[PDB]
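Taking it in order: structure first as structure tokens, then the write-up.
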Amino acid sequence: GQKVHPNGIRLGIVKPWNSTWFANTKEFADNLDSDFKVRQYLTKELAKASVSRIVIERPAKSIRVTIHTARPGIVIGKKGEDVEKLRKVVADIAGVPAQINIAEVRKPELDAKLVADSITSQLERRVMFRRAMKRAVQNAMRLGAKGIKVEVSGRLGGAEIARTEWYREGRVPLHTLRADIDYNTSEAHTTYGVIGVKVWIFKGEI
Amino acid sequence: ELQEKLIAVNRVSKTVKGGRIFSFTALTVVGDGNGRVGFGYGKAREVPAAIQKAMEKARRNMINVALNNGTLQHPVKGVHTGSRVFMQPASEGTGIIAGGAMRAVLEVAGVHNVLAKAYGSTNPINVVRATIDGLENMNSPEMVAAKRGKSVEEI
Amino acid sequence: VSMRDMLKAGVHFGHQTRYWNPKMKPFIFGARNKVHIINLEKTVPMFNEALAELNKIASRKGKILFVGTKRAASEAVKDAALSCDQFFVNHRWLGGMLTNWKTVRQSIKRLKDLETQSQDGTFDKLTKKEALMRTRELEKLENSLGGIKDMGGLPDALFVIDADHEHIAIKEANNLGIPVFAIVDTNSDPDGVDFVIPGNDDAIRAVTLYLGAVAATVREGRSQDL
RNA sequence: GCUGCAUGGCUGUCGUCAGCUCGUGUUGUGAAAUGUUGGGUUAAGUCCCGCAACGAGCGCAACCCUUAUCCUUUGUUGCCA
RNA sequence: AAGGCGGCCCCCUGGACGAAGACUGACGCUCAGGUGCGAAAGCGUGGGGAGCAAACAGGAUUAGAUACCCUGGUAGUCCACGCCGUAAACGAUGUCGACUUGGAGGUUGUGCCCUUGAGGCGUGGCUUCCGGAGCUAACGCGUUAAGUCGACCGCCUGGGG
RNA sequence: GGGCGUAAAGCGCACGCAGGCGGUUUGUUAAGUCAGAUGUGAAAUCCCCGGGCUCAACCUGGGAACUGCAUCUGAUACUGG
Ligand SMILES: [Mg+2]
Ligand SMILES: [Mg+2]
Ligand SMILES: [Mg+2]
Ligand SMILES: [Mg+2]
Ligand SMILES: [Mg+2]
Ligand SMILES: [Mg+2]
Ligand SMILES: [Mg+2]
Ligand SMILES: [Mg+2]
Ligand SMILES: [Mg+2]
Ligand SMILES: [Mg+2]
Ligand SMILES: [Mg+2]
Ligand SMILES: [Mg+2]
Ligand SMILES: [Mg+2]
Ligand SMILES: [Mg+2]
Ligand SMILES: [Mg+2]
Ligand SMILES: [Mg+2]
Ligand SMILES: [Mg+2]
Ligand SMILES: [Mg+2]
Ligand SMILES: [Mg+2]
Ligand SMILES: [Mg+2]
Ligand SMILES: [Mg+2]
Ligand SMILES: [Mg+2]
Ligand SMILES: [Mg+2]
Ligand SMILES: [Mg+2]
Ligand SMILES: [Mg+2]
Ligand SMILES: [Mg+2]
Ligand SMILES: [Mg+2]
């Protein structure tokens, strides 16, 4: 059958909300749209910047955007010229001033976004999917993954019929609520269709 | 110091409700180059894992063979389920003349001069078993001398 | 150890003539009222020498493991092993206990850790929930692997109280090359056994006699080494 | 606008049914088997005993929410011995 | 011997096995061709024919139903004498001989033991079941071998045609 | 130097002529069997040791081989008479 979203089910318990701001019904949808605009614009032109997580905060008189990525050098540029241009555009998106705080991830392969986007990107670069998923799994275990599972599905290898392919090493206790599963999904636009990639990473409990 | 080499690798299948479940088998032979030779058979999903398993399986279950001088004491005939094996000692410098599976077994054991032919089925798993059986049942004149209580004037 | 001692203890009985093993012919005198008789004139001389080489294996500071799972001699084999400071199995011989010693040792360390952190250690964090669960795990592991907790290695030799009824242990010993000191009855099979001891094993006084002989030899080995 | 019979995502279904596997060991020439079967028991492959199996994992269960009782903390916009 | 043989009785007749001797003295085993026997169905002639039942008929069923189901029903099944010589004629395992650990039965003899007895110890023949070594591709066979061996005969050589 | 329970393959069964095979002891024979010798088994070829075309193919000396046949003498364990 179908599975619940592991981030969504454990959102209230162990998973900090991406959006951690409060208001009334008057500006709920309005600021929700602004978060959508910010995130989609940010992702589209930082597709190479290995963007992993975007945390939008709304203090009473501004917006704060925390970008968890693996390549701070690219996203800042020289002397911070790029972060100021992103400041101009992001602030103009929401019509309020914007603070930008850039957090770095030392282990990219233990975060479910970097592994997912890398596996997807290899597909349109024509890397065979079996080897790609195996490379991801081996990287996670070497760099200290307690459990890994990767799901590559849809039009594998230019075949006529879509097939499901998954490979699990380690430990993925999804039904355990205290378990810490970082989940992400990424997509691959290939000449023979579109491929879904799912990654579960278990990194201990409580 | 001891030698090890791989005989064959085969992909096997076990179908389940989802479909096939592919596996890989490895046949290897391990010998010290003197006449102490063994074989190991292992199964795994990956070829490196399968060959490694067969490696430890061969280090245990080692046997001893009494060799005259880089060759067999006498002609020997080793039979397993479907494989018939005939080996006879040859002269110095003639080298190894045997099939694929038998040559590897023989060369890791330490027999340099041998004429060996395989009849019946040529399945690697069974010809290796038949070759090991022959190297067992071959005997030495001194053990025969004690066996018959006749000392070593026979040779 | 003597002719009359074993005869008085009644080890000369064997099973019924409906359970015999055609490999027992050298060690059977006759059948009276469908009860085989084990020739003491044959079993004693090879009993003494088997005990003799048992002394020799003990001389090398060996580890002797006493295997009996029959309810007849449960407490019998336990006290005999502990008295001479040797190791034992009594509840049930776990399949692969010798061959799969790595996984067994994992369970043994798990066993070992629990006594020292629960009983003589700390009793904090009960939560009143898993205390009974954890003590039950202790008891299960104590009856199963309690007798081999300190070995830290493979036995040097085995003493078996029934070849046929512990054939699993016998085949593992043969595979690992461990010398076997097994008592064989009429219905048993001595092929795997290395130093066969023909005798009865259904009598408590008989089994205590046999365990006393091995106990005297092993303590003599220790004292001679001293 | 066409092709869900090219697909991703999402969903229904058996069904919250209790199953799905792996490591080492052992067995079998081998594919594989055993473990997972059997006597009971349980809501459950839940647990126990036996058992060439010893363990382990995903599922069962537990952790999350609410309701059922009490203790402590703050008392307004709620309560009045 | 196989095919096969089932109420009871009488007449004629074959083989088998057991006990203790006597007797012949290798007279033995196997067997190409040859000969004889050989279920059922079928064929010839003459009988017999209750039951059953190919064919055939009718009624159902069915999209159709030359069938399965139902109601009937001739040959045939029965006897005598010939012919046929075929079967999953099977143990799918040629005949003869020797050797190789065991256990429980069935069936038929036979020697003994205080025969005391409504009790046990031996010895044969035939016959089922389980299983050891061994053999087998495996299933399995396993003293009644598919084990270890000898004698001779028959047969086989990819699937169709 | 293969097989026939189930992969192809034990005649449906038996009797039985030819044929194949044959328990055990002594004597004799010497057909099979074995040993020795003698005569043949052409040359070339094949193989070994050499020789000559500058090498090689090629040619060539000797040897071995052609252990097959026949005869004579002898042995008598086994087979046959
Ligand atoms: Mg759901
Ligand atoms: Mg569909
Ligand atoms: Mg395993
Ligand atoms: Mg094996
Ligand atoms: Mg199952
Ligand atoms: Mg299974
Ligand atoms: Mg099963
Ligand atoms: Mg059960
Ligand atoms: Mg349930
Ligand atoms: Mg469970
Ligand atoms: Mg179990
Ligand atoms: Mg649950
Ligand atoms: Mg008829
Ligand atoms: Mg007629
Ligand atoms: Mg009718
Ligand atoms: Mg019949
Ligand atoms: Mg026929
Ligand atoms: Mg036939
Ligand atoms: Mg005949
Ligand atoms: Mg059987
Ligand atoms: Mg053939
Ligand atoms: Mg057929
Ligand atoms: Mg056939
Ligand atoms: Mg027949
Ligand atoms: Mg004769
Ligand atoms: Mg002659
Ligand atoms: Mg010539």
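As shown in the structure tokens, the chain order sets the letters A, B, ...; within each chain, residues go from 1, and ligands are also counted from 1 in the order they appear.
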
Handout entry: Contact residues around region 57-66 of chain D with only C-alpha atoms (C1' of nucleotides) at 9 Å, ignoring same-chain residues under 6 positions, as a PyMOL selection string
Key = (chain A and resi 9-10+12-13+170-173+175-179) or (chain D and resi 18-22+44-46)

**Asked** Hey, what's within 10 Å of residue 38 (chain B) if we count only C-alpha atoms (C1' of nucleotides) and toss same-chain stuff fewer than 6 positions away? As an NGL selection string, please?
**Response** :B and (4 or 28-32 or 55 or 57-64 or 105 or 108-109 or 128-129 or 132)

With N, CA, C and O atoms retained, export the selected residues as a PDB file, in the first residue's frame.
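Dumped to again27.pdb:
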ATOM      1  N   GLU B   4      45.676 -19.160  -4.517  1.00  0.00           N
ATOM      2  CA  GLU B   4      44.234 -19.323  -4.638  1.00  0.00           C
ATOM      3  C   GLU B   4      43.771 -18.752  -5.968  1.00  0.00           C
ATOM      4  O   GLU B   4      44.312 -17.753  -6.450  1.00  0.00           O
ATOM      5  N   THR B  28      35.966 -21.898  -6.069  1.00  0.00           N
ATOM      6  CA  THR B  28      37.384 -21.583  -5.991  1.00  0.00           C
ATOM      7  C   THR B  28      38.154 -22.777  -5.453  1.00  0.00           C
ATOM      8  O   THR B  28      37.598 -23.655  -4.791  1.00  0.00           O
ATOM      9  N   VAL B  29      39.448 -22.805  -5.762  1.00  0.00           N
ATOM     10  CA  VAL B  29      40.359 -23.833  -5.278  1.00  0.00           C
ATOM     11  C   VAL B  29      41.568 -23.156  -4.649  1.00  0.00           C
ATOM     12  O   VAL B  29      42.084 -22.165  -5.176  1.00  0.00           O
ATOM     13  N   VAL B  30      41.997 -23.671  -3.501  1.00  0.00           N
ATOM     14  CA  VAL B  30      43.089 -23.096  -2.725  1.00  0.00           C
ATOM     15  C   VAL B  30      44.109 -24.188  -2.447  1.00  0.00           C
ATOM     16  O   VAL B  30      43.763 -25.242  -1.905  1.00  0.00           O
ATOM     17  N   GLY B  31      45.357 -23.936  -2.814  1.00  0.00           N
ATOM     18  CA  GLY B  31      46.422 -24.892  -2.576  1.00  0.00           C
ATOM     19  C   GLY B  31      47.716 -24.190  -2.230  1.00  0.00           C
ATOM     20  O   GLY B  31      47.962 -23.054  -2.641  1.00  0.00           O
ATOM     21  N   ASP B  32      48.546 -24.885  -1.456  1.00  0.00           N
ATOM     22  CA  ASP B  32      49.824 -24.348  -1.008  1.00  0.00           C
ATOM     23  C   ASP B  32      50.946 -24.565  -2.013  1.00  0.00           C
ATOM     24  O   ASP B  32      52.053 -24.058  -1.801  1.00  0.00           O
ATOM     25  N   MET B  55      36.421 -18.334  -0.604  1.00  0.00           N
ATOM     26  CA  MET B  55      37.811 -18.321  -0.154  1.00  0.00           C
ATOM     27  C   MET B  55      37.971 -18.900   1.248  1.00  0.00           C
ATOM     28  O   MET B  55      38.826 -19.762   1.478  1.00  0.00           O
ATOM     29  N   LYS B  57      35.746 -20.779   2.804  1.00  0.00           N
ATOM     30  CA  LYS B  57      35.281 -22.159   2.717  1.00  0.00           C
ATOM     31  C   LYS B  57      36.378 -23.106   2.247  1.00  0.00           C
ATOM     32  O   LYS B  57      36.426 -24.263   2.678  1.00  0.00           O
ATOM     33  N   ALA B  58      37.262 -22.638   1.363  1.00  0.00           N
ATOM     34  CA  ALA B  58      38.377 -23.458   0.905  1.00  0.00           C
ATOM     35  C   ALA B  58      39.538 -23.543   1.891  1.00  0.00           C
ATOM     36  O   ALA B  58      40.218 -24.572   1.927  1.00  0.00           O
ATOM     37  N   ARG B  59      39.810 -22.498   2.677  1.00  0.00           N
ATOM     38  CA  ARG B  59      40.882 -22.612   3.667  1.00  0.00           C
ATOM     39  C   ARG B  59      40.574 -23.685   4.703  1.00  0.00           C
ATOM     40  O   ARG B  59      41.473 -24.409   5.138  1.00  0.00           O
ATOM     41  N   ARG B  60      39.329 -23.774   5.152  1.00  0.00           N
ATOM     42  CA  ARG B  60      38.938 -24.979   5.864  1.00  0.00           C
ATOM     43  C   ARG B  60      38.674 -26.099   4.857  1.00  0.00           C
ATOM     44  O   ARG B  60      38.581 -25.871   3.650  1.00  0.00           O
ATOM     45  N   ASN B  61      38.558 -27.328   5.365  1.00  0.00           N
ATOM     46  CA  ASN B  61      38.372 -28.510   4.518  1.00  0.00           C
ATOM     47  C   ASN B  61      39.537 -28.677   3.540  1.00  0.00           C
ATOM     48  O   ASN B  61      39.350 -28.924   2.347  1.00  0.00           O
ATOM     49  N   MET B  62      40.753 -28.517   4.054  1.00  0.00           N
ATOM     50  CA  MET B  62      41.980 -28.805   3.325  1.00  0.00           C
ATOM     51  C   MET B  62      42.359 -30.270   3.483  1.00  0.00           C
ATOM     52  O   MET B  62      42.130 -30.882   4.529  1.00  0.00           O
ATOM     53  N   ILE B  63      42.946 -30.829   2.428  1.00  0.00           N
ATOM     54  CA  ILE B  63      43.355 -32.223   2.414  1.00  0.00           C
ATOM     55  C   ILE B  63      44.851 -32.276   2.125  1.00  0.00           C
ATOM     56  O   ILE B  63      45.467 -31.285   1.738  1.00  0.00           O
ATOM     57  N   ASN B  64      45.432 -33.455   2.322  1.00  0.00           N
ATOM     58  CA  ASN B  64      46.845 -33.682   2.061  1.00  0.00           C
ATOM     59  C   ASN B  64      47.007 -34.739   0.983  1.00  0.00           C
ATOM     60  O   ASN B  64      46.310 -35.758   0.986  1.00  0.00           O
ATOM     61  N   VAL B 105      42.764 -26.948 -10.197  1.00  0.00           N
ATOM     62  CA  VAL B 105      42.895 -27.768  -8.996  1.00  0.00           C
ATOM     63  C   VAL B 105      44.289 -28.372  -8.926  1.00  0.00           C
ATOM     64  O   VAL B 105      44.955 -28.339  -7.886  1.00  0.00           O
ATOM     65  N   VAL B 108      47.259 -25.649  -8.341  1.00  0.00           N
ATOM     66  CA  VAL B 108      47.355 -25.132  -6.979  1.00  0.00           C
ATOM     67  C   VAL B 108      47.793 -26.224  -6.012  1.00  0.00           C
ATOM     68  O   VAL B 108      48.435 -25.936  -4.996  1.00  0.00           O
ATOM     69  N   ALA B 109      47.454 -27.485  -6.291  1.00  0.00           N
ATOM     70  CA  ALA B 109      47.913 -28.565  -5.425  1.00  0.00           C
ATOM     71  C   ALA B 109      49.431 -28.685  -5.463  1.00  0.00           C
ATOM     72  O   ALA B 109      50.077 -28.836  -4.422  1.00  0.00           O
ATOM     73  N   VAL B 128      35.640 -30.846 -10.006  1.00  0.00           N
ATOM     74  CA  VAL B 128      36.536 -30.501  -8.907  1.00  0.00           C
ATOM     75  C   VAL B 128      36.398 -31.510  -7.775  1.00  0.00           C
ATOM     76  O   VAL B 128      37.394 -31.939  -7.185  1.00  0.00           O
ATOM     77  N   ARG B 129      35.167 -31.918  -7.467  1.00  0.00           N
ATOM     78  CA  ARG B 129      34.958 -32.931  -6.439  1.00  0.00           C
ATOM     79  C   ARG B 129      35.626 -34.245  -6.824  1.00  0.00           C
ATOM     80  O   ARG B 129      36.265 -34.897  -5.992  1.00  0.00           O
ATOM     81  N   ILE B 132      39.450 -33.963  -6.402  1.00  0.00           N
ATOM     82  CA  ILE B 132      39.829 -34.078  -4.994  1.00  0.00           C
ATOM     83  C   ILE B 132      39.742 -35.526  -4.528  1.00  0.00           C
ATOM     84  O   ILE B 132      40.599 -36.001  -3.774  1.00  0.00           O
TER      85      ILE B 132
END

Practice problem: Mind listing the alpha helix (DSSP H) residues of region 32-169 of chain A, per DSSP on the backbone, as a VMD selection string? | Solution: chain A and resid 32 to 45 72 to 76 81 to 94 112 to 124 129 to 142

Using only C-alpha atoms (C1' of nucleotides) and a cut-off of 8 Å, which residues of chain D sit close to chain C? Please list them as a PDB file with C-alpha atoms (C1' of nucleotides), in the first residue's frame.
ATOM      1  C1'   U D  24      26.941 -17.155  10.402  1.00  0.00           C
ATOM      2  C1'   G D  25      26.528 -22.298  11.132  1.00  0.00           C
ATOM      3  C1'   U D  26      24.705 -27.018   9.313  1.00  0.00           C
ATOM      4  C1'   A D  52      20.802 -27.908  13.445  1.00  0.00           C
ATOM      5  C1'   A D  53      20.158 -24.237  14.322  1.00  0.00           C
ATOM      6  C1'   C D  54      22.477 -19.560  16.721  1.00  0.00           C
ATOM      7  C1'   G D  55      21.315 -14.553  16.235  1.00  0.00           C
TER       8        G D  55
END

Enumerate as a list in words the residues belonging to chain A that approach chain B to within 12 Å, with only C-alpha atoms taken into account. residues 134, 163, 164, 165 and 167 of chain A

Using N, CA and C atoms, can you write the selected residues to a file as a short mmCIF file (atom, residue, chain, number, x, y, z; two decimals), in the first residue's frame?
data_model
loop_
_atom_site.label_atom_id
_atom_site.label_comp_id
_atom_site.auth_asym_id
_atom_site.auth_seq_id
_atom_site.Cartn_x
_atom_site.Cartn_y
_atom_site.Cartn_z
N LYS A 134 23.87 2.28 -6.03
CA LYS A 134 24.90 1.60 -5.25
C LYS A 134 25.98 2.57 -4.78
N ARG A 163 9.73 0.09 -14.30
CA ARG A 163 10.00 -0.90 -13.27
C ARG A 163 10.38 -0.20 -11.98
N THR A 164 10.13 -0.87 -10.86
CA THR A 164 10.54 -0.41 -9.54
C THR A 164 11.84 -1.08 -9.13
N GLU A 165 12.79 -0.28 -8.66
CA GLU A 165 14.09 -0.76 -8.19
C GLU A 165 14.43 -0.05 -6.89
N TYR A 167 16.89 -0.63 -3.00
CA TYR A 167 17.97 -1.36 -2.35
C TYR A 167 18.22 -0.77 -0.97
#

Contacts to ligand 17 at 12 Å cut-off (only C-alpha atoms (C1' of nucleotides) and all ligand atoms) as a PDB file with C-alpha atoms (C1' of nucleotides), in the first residue's frame:
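Result file follows (selection.pdb):
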ATOM      1  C1'   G E  85      -1.225 -63.573 -29.745  1.00  0.00           C
ATOM      2  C1'   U E  86      -2.069 -58.258 -28.150  1.00  0.00           C
ATOM      3  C1'   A E  87      -2.111 -55.019 -22.684  1.00  0.00           C
ATOM      4  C1'   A E  88       0.484 -49.502 -18.011  1.00  0.00           C
ATOM      5  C1'   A E  89       1.055 -58.529 -20.315  1.00  0.00           C
ATOM      6  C1'   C E  90       4.300 -53.520 -14.579  1.00  0.00           C
ATOM      7  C1'   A E  92       7.759 -50.044 -15.825  1.00  0.00           C
TER       8        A E  92
ATOM      9  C1'   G F  10      14.673 -56.647 -19.761  1.00  0.00           C
ATOM     10  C1'   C F  11      11.294 -60.544 -24.863  1.00  0.00           C
ATOM     11  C1'   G F  12       4.237 -61.427 -21.560  1.00  0.00           C
TER      12        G F  12
END

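Here the question is which of C:44, C:189, C:90, C:202 gets nearest to chain E using only C-alpha atoms (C1' of nucleotides), and that residue is C:189.
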
Can you write out as JSON lines which residues of chain A fall within 12 Å of chain D, alongside each residue's closest atom pair and its distance in Å to one decimal, counting only C-alpha atoms (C1' of nucleotides) and ordering rows by chain and ascending residue number?
{"residue": "A:1", "atom": "CA", "partner": "D:13", "partner_atom": "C1'", "distance": 8.6}
{"residue": "A:2", "atom": "CA", "partner": "D:11", "partner_atom": "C1'", "distance": 7.8}
{"residue": "A:3", "atom": "CA", "partner": "D:11", "partner_atom": "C1'", "distance": 10.6}
{"residue": "A:4", "atom": "CA", "partner": "D:10", "partner_atom": "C1'", "distance": 11.3}
{"residue": "A:5", "atom": "CA", "partner": "D:10", "partner_atom": "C1'", "distance": 11.6}
{"residue": "A:9", "atom": "CA", "partner": "D:64", "partner_atom": "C1'", "distance": 8.9}
{"residue": "A:10", "atom": "CA", "partner": "D:64", "partner_atom": "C1'", "distance": 8.0}
{"residue": "A:11", "atom": "CA", "partner": "D:64", "partner_atom": "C1'", "distance": 10.3}
{"residue": "A:12", "atom": "CA", "partner": "D:64", "partner_atom": "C1'", "distance": 8.4}
{"residue": "A:13", "atom": "CA", "partner": "D:64", "partner_atom": "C1'", "distance": 7.0}
{"residue": "A:14", "atom": "CA", "partner": "D:64", "partner_atom": "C1'", "distance": 10.0}
{"residue": "A:147", "atom": "CA", "partner": "D:57", "partner_atom": "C1'", "distance": 11.0}
{"residue": "A:149", "atom": "CA", "partner": "D:58", "partner_atom": "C1'", "distance": 11.5}
{"residue": "A:152", "atom": "CA", "partner": "D:8", "partner_atom": "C1'", "distance": 10.5}
{"residue": "A:153", "atom": "CA", "partner": "D:8", "partner_atom": "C1'", "distance": 8.3}
{"residue": "A:154", "atom": "CA", "partner": "D:7", "partner_atom": "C1'", "distance": 6.2}
{"residue": "A:155", "atom": "CA", "partner": "D:7", "partner_atom": "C1'", "distance": 6.7}
{"residue": "A:156", "atom": "CA", "partner": "D:7", "partner_atom": "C1'", "distance": 10.3}
{"residue": "A:158", "atom": "CA", "partner": "D:6", "partner_atom": "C1'", "distance": 9.8}
{"residue": "A:159", "atom": "CA", "partner": "D:6", "partner_atom": "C1'", "distance": 8.9}
{"residue": "A:160", "atom": "CA", "partner": "D:6", "partner_atom": "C1'", "distance": 6.3}
{"residue": "A:161", "atom": "CA", "partner": "D:6", "partner_atom": "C1'", "distance": 6.8}
{"residue": "A:162", "atom": "CA", "partner": "D:7", "partner_atom": "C1'", "distance": 7.1}
{"residue": "A:163", "atom": "CA", "partner": "D:7", "partner_atom": "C1'", "distance": 10.3}
{"residue": "A:164", "atom": "CA", "partner": "D:8", "partner_atom": "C1'", "distance": 12.0}
{"residue": "A:168", "atom": "CA", "partner": "D:58", "partner_atom": "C1'", "distance": 9.9}
{"residue": "A:169", "atom": "CA", "partner": "D:57", "partner_atom": "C1'", "distance": 10.0}
{"residue": "A:170", "atom": "CA", "partner": "D:57", "partner_atom": "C1'", "distance": 8.3}
{"residue": "A:171", "atom": "CA", "partner": "D:57", "partner_atom": "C1'", "distance": 7.3}
{"residue": "A:172", "atom": "CA", "partner": "D:58", "partner_atom": "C1'", "distance": 7.6}
{"residue": "A:173", "atom": "CA", "partner": "D:58", "partner_atom": "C1'", "distance": 7.4}
{"residue": "A:174", "atom": "CA", "partner": "D:58", "partner_atom": "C1'", "distance": 9.1}
{"residue": "A:175", "atom": "CA", "partner": "D:59", "partner_atom": "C1'", "distance": 8.7}
{"residue": "A:176", "atom": "CA", "partner": "D:63", "partner_atom": "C1'", "distance": 6.7}
{"residue": "A:177", "atom": "CA", "partner": "D:63", "partner_atom": "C1'", "distance": 5.9}
{"residue": "A:178", "atom": "CA", "partner": "D:63", "partner_atom": "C1'", "distance": 5.9}
{"residue": "A:179", "atom": "CA", "partner": "D:63", "partner_atom": "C1'", "distance": 8.9}
{"residue": "A:185", "atom": "CA", "partner": "D:9", "partner_atom": "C1'", "distance": 9.9}
{"residue": "A:186", "atom": "CA", "partner": "D:8", "partner_atom": "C1'", "distance": 9.9}
{"residue": "A:187", "atom": "CA", "partner": "D:8", "partner_atom": "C1'", "distance": 7.4}
{"residue": "A:188", "atom": "CA", "partner": "D:8", "partner_atom": "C1'", "distance": 8.6}
{"residue": "A:189", "atom": "CA", "partner": "D:8", "partner_atom": "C1'", "distance": 9.2}
{"residue": "A:190", "atom": "CA", "partner": "D:7", "partner_atom": "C1'", "distance": 10.8}
{"residue": "A:191", "atom": "CA", "partner": "D:7", "partner_atom": "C1'", "distance": 11.4}
{"residue": "A:192", "atom": "CA", "partner": "D:6", "partner_atom": "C1'", "distance": 8.0}
{"residue": "A:193", "atom": "CA", "partner": "D:7", "partner_atom": "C1'", "distance": 5.7}
{"residue": "A:194", "atom": "CA", "partner": "D:8", "partner_atom": "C1'", "distance": 5.4}
{"residue": "A:195", "atom": "CA", "partner": "D:8", "partner_atom": "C1'", "distance": 5.6}
{"residue": "A:196", "atom": "CA", "partner": "D:8", "partner_atom": "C1'", "distance": 5.5}
{"residue": "A:197", "atom": "CA", "partner": "D:8", "partner_atom": "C1'", "distance": 9.2}
{"residue": "A:198", "atom": "CA", "partner": "D:9", "partner_atom": "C1'", "distance": 11.4}
{"residue": "A:205", "atom": "CA", "partner": "D:63", "partner_atom": "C1'", "distance": 9.9}
{"residue": "A:206", "atom": "CA", "partner": "D:63", "partner_atom": "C1'", "distance": 9.1}

Practice prompt. Write out as a list in words the residues lying within 12 Å of residue 31 (chain D), counting only C-alpha atoms (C1' of nucleotides) and excluding same-chain residues fewer than 3 positions away.
Written response: residues 10, 11, 12, 13, 14, 15, 22, 23, 24, 25 and 43 of chain B; 28 of chain D

For region 23-35 of chain F, find every residue with an atom within 10 Å (counting only C-alpha atoms (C1' of nucleotides)), except residues of its own chain fewer than 6 positions away, and show them as a PDB file with C-alpha atoms (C1' of nucleotides), in the first residue's frame.
ATOM      1  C1'   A E  26      28.604 -82.762 -12.680  1.00  0.00           C
ATOM      2  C1'   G E  28      24.679 -78.264 -14.393  1.00  0.00           C
TER       3        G E  28
ATOM      4  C1'   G F  74      61.271 -77.046 -24.205  1.00  0.00           C
ATOM      5  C1'   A F  75      57.587 -75.799 -19.418  1.00  0.00           C
ATOM      6  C1'   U F  76      52.865 -77.843 -17.644  1.00  0.00           C
ATOM      7  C1'   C F  78      45.502 -72.228 -15.962  1.00  0.00           C
ATOM      8  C1'   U F  79      41.988 -73.568 -20.133  1.00  0.00           C
ATOM      9  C1'   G F  80      40.801 -77.770 -23.527  1.00  0.00           C
ATOM     10  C1'   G F  81      41.149 -83.176 -24.848  1.00  0.00           C
TER      11        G F  81
END

Please identify the strand (DSSP E or B) residues within region 126-180 of chain C (assignment by DSSP from backbone atoms) and present them as an MDAnalysis selection string. chainID C and resid 157:160 180

Q. Skipping near chain neighbours, those fewer than 4 positions away, what residues fall within 12 Å of region 133-143 of chain E using only C-alpha atoms (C1' of nucleotides), listed as a ChimeraX atom specification?
A. /B:80-83,120-121,126 /C:22-23 /D:28-30 /E:91,93,99-102,147-148 /F:5-7

Judged by only C-alpha atoms (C1' of nucleotides) and all ligand atoms, the minimum distance to ligand 23 among F:4, F:17, F:57, F:66 is found for F:4
